[PDB]
Amino acid sequence: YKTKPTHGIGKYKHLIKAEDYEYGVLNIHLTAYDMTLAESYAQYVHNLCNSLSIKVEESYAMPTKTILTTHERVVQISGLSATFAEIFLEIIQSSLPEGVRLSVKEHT
Amino acid sequence: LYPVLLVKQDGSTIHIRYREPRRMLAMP
Amino acid sequence: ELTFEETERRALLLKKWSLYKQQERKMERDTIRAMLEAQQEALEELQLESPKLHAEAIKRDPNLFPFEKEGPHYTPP
Amino acid sequence: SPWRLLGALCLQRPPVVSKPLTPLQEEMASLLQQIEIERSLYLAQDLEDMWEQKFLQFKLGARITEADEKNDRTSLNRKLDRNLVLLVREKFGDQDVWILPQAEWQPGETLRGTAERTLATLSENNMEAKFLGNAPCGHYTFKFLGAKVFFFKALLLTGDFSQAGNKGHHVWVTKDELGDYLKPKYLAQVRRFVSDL
RNA sequence: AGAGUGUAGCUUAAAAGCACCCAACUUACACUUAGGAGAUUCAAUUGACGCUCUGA
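Residues numbered from 1 in each chain as written, not as in the entry; some residues may be left out. Chains lettered and ligands numbered in written order. Part of a larger assembly, values for the part shown. Heavy atoms only, no water. Residues with missing side-chain atoms left out of burial classes, pairs and counts.

Draft legend 1. Local environment of the interface of chain C and chain D. Opposite the 34 residues of chain C that make contact, chain D presents 37 residues. Summed over both partners, the interface of chain C with chain D comes to about 3,100 Å²; 62% of that surface belongs to carbon and sulfur atoms. The tally of links from chain C across to chain D stands at one salt bridge. In this structure, C:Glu41 engages D:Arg192 in a salt bridge whose closest nitrogen and oxygen atoms are separated by 2.4 Å. Applying the counting criterion to the chain C and chain D interface returns seven residue pairs in polar contact. If you tally residues by element for the side of chain C that touches chain D, the top one is helix α1 (residues 4–49) of chain C, at 18 residues. Taken together, the residues that form the side of chain C that touches chain D break down as 17 nonpolar, five polar and twelve charged. (Contact = heavy atoms within 4.5 Å. Buried area = accessible area lost by both parts, 1.4 Å probe. Salt bridge = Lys/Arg side-chain N within 4 Å of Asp/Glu carboxyl O. Polar contact = N/O pair within 3.5 Å; in protein donor to acceptor, adjacent residues only side chain to side chain. Helix = DSSP H or I, 4+ residues; strand = E, 2+ residues; numbered from the N terminus. Nonpolar A, V, L, I, M, F, W, Y, C, P; charged D, E, K, R; others polar.)

Draft legend 2. Representation of the packing of helix α2 (residues 82–94) of chain A against α1(C) in the model. Running from N to C, α2(A) and α1(C) point in directions that differ by 150 degrees, and their axes come no closer than 10 Å. At the point where α2(A) passes α1(C), the crossing takes the right-handed sense. The segment α2(A) lies against α1(C), with A:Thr83, A:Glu86, A:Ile87, A:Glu90 and A:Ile91 engaging C:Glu28, C:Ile32, C:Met35, C:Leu36, C:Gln39, C:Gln40 and C:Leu43. Classifying every residue of the contact of α2(A) with α1(C) gives six nonpolar, three polar and three charged. (Axes fitted to C-alpha atoms, helices over the stretch in contact; angles between N-to-C directions. Left-handed = near helix turned anticlockwise from the far one by under 90°.)

Draft legend 3. How the structure looks around the protein's contact with RNA strand E. Surveying the vicinity of RNA strand E reveals 15 residues, the closest of which are A:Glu39, A:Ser59, C:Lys15, C:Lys21 and C:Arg25. Between RNA strand E and A:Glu39, the relevant distance is 2.6 Å, taken from a phosphate oxygen to a side-chain nitrogen or oxygen of the residue. Contacts to RNA strand E include C:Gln22, whose side-chain N or O atom sits 2.9 Å from a base nitrogen. Put simply, the parts of the chain that give the surface near RNA strand E at least two residues each are α1 (35–51) of chain A together with α1 of chain C. Residue contributions to the surface near RNA strand E peak at eight residues, all from α1(C). (Near = heavy atom within 4 Å.)

Draft legend 4. Local environment of a negative patch on the surface. Together, B:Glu20, D:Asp46, D:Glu48, D:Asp49 and D:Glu52 make up a negatively charged patch on the protein surface. Inspection of the secondary structure puts D:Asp49 in helix α2 (residues 44–57). (Patch = residues over 30% accessible without salt bridge, like charges linked within 9 Å, V, L, I, M, F, W, Y side chains within 5 Å. Areas by Shrake-Rupley, 256 points an atom, 1.4 Å probe, with all protein chains shown as cover. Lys, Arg positive; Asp, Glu negative; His and termini not counted. Charge placed at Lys NZ, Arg CZ, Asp CG, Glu CD.)

Draft legend 5. Local environment of the environment of A:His107. Residues and elements named next belong to chain A. In this structure, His 107 sits in the segment after α2. When the C-alpha atoms of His 107 and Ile 87 are compared, they prove to be 22 Å apart, with 20 residues separating the residues in sequence. Apart from residues no more than four positions distant in its own chain, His 107 is found in contact with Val 25 and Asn 27. At 3.1 Å, the side chain of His 107 and the side chain of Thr 108 are in polar contact.

Draft legend 6. Representation of the interface of chain A and chain C. At the interface, 26 residues of chain A touch 21 residues of chain C. Summing both sides of the interface, chain A and chain C together bury roughly 2,200 Å²; the carbon and sulfur share of this comes to 57%. Broken down residue by residue, the surface that chain A buries against chain C is led by A:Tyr21, A:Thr83 and A:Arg101, which jointly contribute 26%. The tally of links between chain A and chain C comes to three salt bridges. Of the charged contacts, one joins A:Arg101 and C:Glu68 as a salt bridge, the two residues approaching to 3.3 Å between their closest N and O atoms. Across the contact surface, chain A and chain C share eleven residue pairs in polar contact. Classifying every residue of the side of chain A that touches chain C gives 13 nonpolar, five polar and eight charged.

Draft legend 7. Summary view of empty space enclosed by the protein. All names here are of chain A. In this structure, the largest cavity spans a volume of roughly 170 Å³. Lining the largest cavity are 15 residues, with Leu 26, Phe 88, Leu 89, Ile 92 and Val 104 positioned closest to its centre. Mapped onto the lining of the largest cavity, the elements with two or more residues apiece are β1 (26–32) and α2. Class assignment for the residues of the lining of the largest cavity results in 13 nonpolar, two polar and no charged. In this structure, the second largest cavity encloses a volume near 110 Å³. (1 Å grid on protein atoms, 1.4 Å probe; cavity = no way out; pocket = protein on both sides within 12 Å on 5 of 7 lines; lining within 4 Å. Points joined across faces, edges and corners; volume = space filled by probe spheres on them.)

Draft legend 8. Molecular detail of the pairing of strand β8 (residues 146–151) of chain D. Residues and elements named next belong to chain D. Among the six residues of β8, six are classified as buried, and the element is accordingly described as predominantly covered. Residues of β8 alternate between two faces, with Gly 146, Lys 148 and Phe 150 on one and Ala 147, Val 149 and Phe 151 on the opposite face, all of them buried. Examined bridge by bridge, strand β7 (residues 138–140) and β8 share three bridges and lie antiparallel to one another. If you follow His 139 over to β8, its bridge partner there is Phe 150. (Buried < 20%, exposed > 50% of the residue type's maximum accessible area, 1.4 Å probe, protein only. Pairing = 2+ DSSP bridges.)

This is the structure we're talking about:
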């Protein structure tokens with residue numbers, strides 16, 4: 001009740017959000033000859049991101065292009081610190097299994 | 001799916017999960 | 001169909017892979033924390049010994065947007 | 001106070017060759033393969049023979065060009081499965097220590113410019129390096145008058161390391177020879193920010 | 001040389017709970033289900049083995 005000390009004890013919408021130099025939106029493009037390898041590396045990089053507490057929005061894929069086929073994957077990233085970005089991409093560089101293509105391209 | 005080695009233009013052999021094991025691919 | 005011995009070997013294979021990749025992630029995280037704290041203390045020392053350089057240490061290079069670097073191979077050219 | 005301005009650069013040569021799979025990883029490869037056949041969904045002999053003889057006729061480039069040298073520390077190809085770090089001996093008027101390539105910088109030169117100058121100062125080559133950011137990787141201060149040495153980081157895209165028989169003592173150290181060549185604690189801790197992997 | 005000293009990553013936990021990982025569902029994450037590893041540094045509250053800091 002409004003006049004009681006327990007007023008607003010049940011409110012939650014303020015606890016739900018429905019909607020210093022730092023990067024913008026980062027897109028990691030992974031084009032690979034192997035569906036299995038692309039999926040495994042996508043899982044690995046997503047696990048690294050969510051272990052290092054990086055805001056990941058999307059992990060979608062581009063449509064296939066034939067001209068054999070190369071499977072494409074996307075990882076979205078937002079929120080990097082100075083040293084954190086360095087460690088992040090050096091780990092990505094050193095943990096690339098075999099003949100895969102990375103990218104740090106931006107949106108649009 | 002099988003481990004076929006592939007080279008694009010400059011002699012860099014990479015395994016690929018590819019049908020019909022060729023064991024050697026070269027893009028001209 | 002399958003037998004009991006191969007199933008037991010498969011279970012032991014899963015166990016040993018769990019241990020192996022647990023050591024792997026432990027060492028990866030050890031490297032993470034070690035070099036992260038090294039860089040943090042480096043930035044702190046830079047701030048202490050240079051009041052005008054820590055401000056330009058945080059700025060980011062503008063050439064990383066079209067970043068490019070190929071992975072490993074087997075038969076070098 | 002009189003301060004000795006000194007920077008440096010911890011160069012990184014990435015491994016061109018992926019590390020060999022351990023027998024444990026080989027067992028897991030066999031397991032993933034056999035489950036792949038289990039989960040799969042649907043004259044060949046002549047084609048198979050032709051394809052296997054095509055595999056056999058061409059010899060694969062050796063992944064390890066290291067067993068034959070045993071002494072080519074100056075060679076850029078000392079190791080392939082791991083990263084390499086440039087490391088040149090230096091001789092001071094009062095000191096003689098195996099020291100990571102250093103350089104002298106002035107307040108008119110920024111740290112990135114000092115690193116770029118060091119890229120070709122002591123190597124006198126046409127190497128191609130790349131920098132990530134201005135954040136350093138290590139600092140070590142030894143005084144006699146103040147001093148400080150900044151260990152930066154760079155990645156080698158390509159390198160025309162001409163006259164490999166240089167008069168210097170550039171040795172490529174990955175992880176192990178670091179402690180053997182750099183005794184003092186101000187120099188043996190470089191592995192803390194060198195990517196051991 | 002001295003000070004703080006000390007349970008696996010964290011615990012005004014007392015050998016526990018969180019953390020951590022793979023496998024399957026997930027594009028992926030997540031959830032869930034299955035499994036996995038882990039410590040109270042050595043001697044009698046005390047001394048000495050290891051870590052951080054203060055100096056040369």
